[PDB]
Each structure stands twice: as structure tokens, then as C-alpha cells.
Ligand SMILES: Nc1cccc(Cn2c(-c3ccc(Oc4cncnc4)cc3)ccc2-c2ccccc2Cl)n1
């Protein structure tokens, strides 16, 4: 019953979405960041100023040491083992999955985020230390009859950082979580959830870039990133066009650089002066595509912060993109489906949209 997985996600704005999980025996409860942008199940397993709980291996009778360390600079560092894992508000199963017990970390955990580890939902290829460390979801599917698919409805928010909600439906698709058609873009390669963007428009205006620029050096769907991150050249074109469209009103370039906040007080926000952004993703059919269209309500995250930023690692469709939609990670069919979310934030003139198909007469 997917009903029981509805709203199994919580988080603070900008600090990611976590699901409750239990690890070990007896079950040690922990909040775990849902991260489609990485592939390790990595959990705090030692005291840290930002941790109010951590995984305690010695407390777990079903813990098994893999006698292998793992080091991840970017840092976090830990020791590998296995243990029984469940998601109380997920499939009614328990699996023995790999766990990176994090023993020391620098700028890994986030103060006040309220999660104690990360669930890397991406593929073995980018797992640490290497691809022999089977990711959680692979273990889950292999050990249970849970379908090789999961879907994410991230709803955002709509003194303290705003609380966000969402659902991670494991093993299938919840038709109540979206309206309209699910449109699928292929997973170009199974490492990150890599996809191809073939075109992008700001208020119907084509940036008119060689589509390779959109996926330079790659495009991924990443719940573990807050912003829509864009390659340098695409970002600059995007910002230019967004500045223009919202020319009435003038903001400090500190705002466009996404470090500064802009404020109206209150309920006065001129949404209508900010353009929609349409990302066209490659269709399942060669020369087809569909667009996902997001509002300023998504890319201006709450007083607001510009949630579009520059990337040196390709396009990252982070939370603020996914928050418009119900996103199906159809691992079984190597594709990602998008549908307008039952929870996406919109006003009485615009709405996030998934629309297709659109056609073309090499974008990777
Ligand atoms: N999608 C991405 C992208 C980059 C890294 C990661 C995971 N990660 C983090 C990390 C920590 C907290 C965090 O919290 C946020 C922040 N902003 C929004 N939402 C949640 C996000 C990421 C540190 C080191 C790694 C890492 C690196 C390599 C391999 C395996 C891992 Cl776990 N996931």
C-alpha cells in the first residue's frame, strides 16, 4: 500500500529531504537524506557537533564489519560493514545493505538539518570506495520482490528555515501524487541519473544554444542538490534573460549570484514579473522531447534566495526543479518520468507543467 509511504519525507528548506530509516538490531532510528546524486548509504556513526543521534554499531547484534575503510574528500570518512535496514514508512521489508559508518567528517553534516546520514539512490558506478560496494537500492531490489523503481514527490514549503514535505514511493508509482501525463526521458547512463536536455526557454524564449551546452559535461536529476545548477555559459544566458524579464524592479547582483536574499513584505511578491523556465528533456523517441516548466515559485526559494546557480560539473536539476513535479526513477526501464505534482506550488495564472511531445529535425 503506497498510501503508507505518502508524506514519508521531511526536511528544512535548502537542507534536503530525509526519510526515516532504521538500522541494526534493535532498530536504531535515523533520519536519512534522500540523495539521487550519490550512491552510498553513509551514516553518522560517531559523535559530531551537528549530530543529535548516530548509528552505533556496537549496539547492533546484526552488524557485520567489512574490515574496509572509506575516504571521501570533495570530507567524510568511515568504515564499511553491513546491517539490517528498514524504512518504517516504506516497503514492509528488511534488507541487509552496506553501510558507511562515518567516523570523521568535515563540512559533511549540516547544522539543524535533522538528518544523520545519506541514502545514495544512484548507481554502483559512482559508489565509494568503488563500484563493488552495492548501493542500498540494488540490495533492496535483489533481496526483496520490490520493483526496480522509485518515485519522488518533493513539495517544498508553500524564524526557522521553512519545513518541507514530500513522498518517496518505493517500488512503484502513486497516481494520486500527480496529474496529467507522465513523460519519460531516458537515463543516458546508469551512474548518476543522467539525462539529456535538448532545449531550454525563458518565458517561451529559446536560449538558442547548442544543446551540448545544456549537458556539459552532463545533466543529472539530483534530489541531494537544492538549486538548478547550470553550466557556466547556460547560467549566464539564463540569468541575463531572467534579469531582462524582471527588468521592472532591480536586484543586487549579490542576489543573482544566489548568496543574497530579496524581500517583499508580505504576500506582495511580484511573481508575475519573473518568467517561467522550460527545460526540454530528450524523449524516449529519438527526435522527440517534452518540456518541464517551472515557476519563480520554485527557483526563488524562501524573503527569497535565487535558487539557480553556476555549475562546473554540468546541469543539476536539484530540488527546486523536482519540486514542481512527481519524478519517477524507473530504473527497470532506464528512464525518468515527470508529471505535474499534486503538490506543486502555483498561482492563478501560471502553473508548473509537463508537456509533450515537441519535435526536432547529439546533445550528450
Ligand atoms: N547530490 C550530491 C552532490 C554532492 C555530494 C553528495 C553527497 N555528499 C555530501 C553531501 C552532504 C550533505 C548534503 O546536504 C544537502 C545539501 N544541500 C541540499 N540538500 C542536501 C548534500 C551532499 C558530502 C559528500 C558527499 C559525497 C561525495 C561523493 C560520494 C558520496 C558522497 Cl555521500 N550528494
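First residue shown is number 1, and so on along the chain.
Going by what the header records, the deposited coordinates were determined by X-ray crystallography, 2.1 Å.
Quick reminder: no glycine exception, Cβ is built from N, Cα and C everywhere.
In Swiss-Prot, the annotation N6-acetyllysine falls on 212, out of 212, 243, 334. When 68, 142, 305 are compared in Swiss-Prot, the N6-acetyllysine annotation sits on 68. Checking 75, 233 against Swiss-Prot for the annotation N6-acetyllysine singles out 233. Checking 12, 208 against Swiss-Prot, you find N6-acetyllysine recorded for 208.
Of the candidate recorded positions, 35, 68, 155, 208, 232, the one lying closest to residue 218 (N6-acetyllysine) when CA atoms are compared is 232. Checking the recorded positions 155, 208, 211, 218, 240, 363 against ligand 1, none has a C-beta less than 6 Å from an atom of that molecule. Long-range Cβ contacts of residue 211 (disulfide bond) within its own chain (separation 6+, distance under 8 Å): 196, 197, 198, 199, 362, 363. Residue 155 (disulfide bond) sits 28 Å from residue 240 (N6-acetyllysine), counting Cα to Cα. For residue 155 (disulfide bond), other Cβ atoms within 10 Å of its Cβ number 21.
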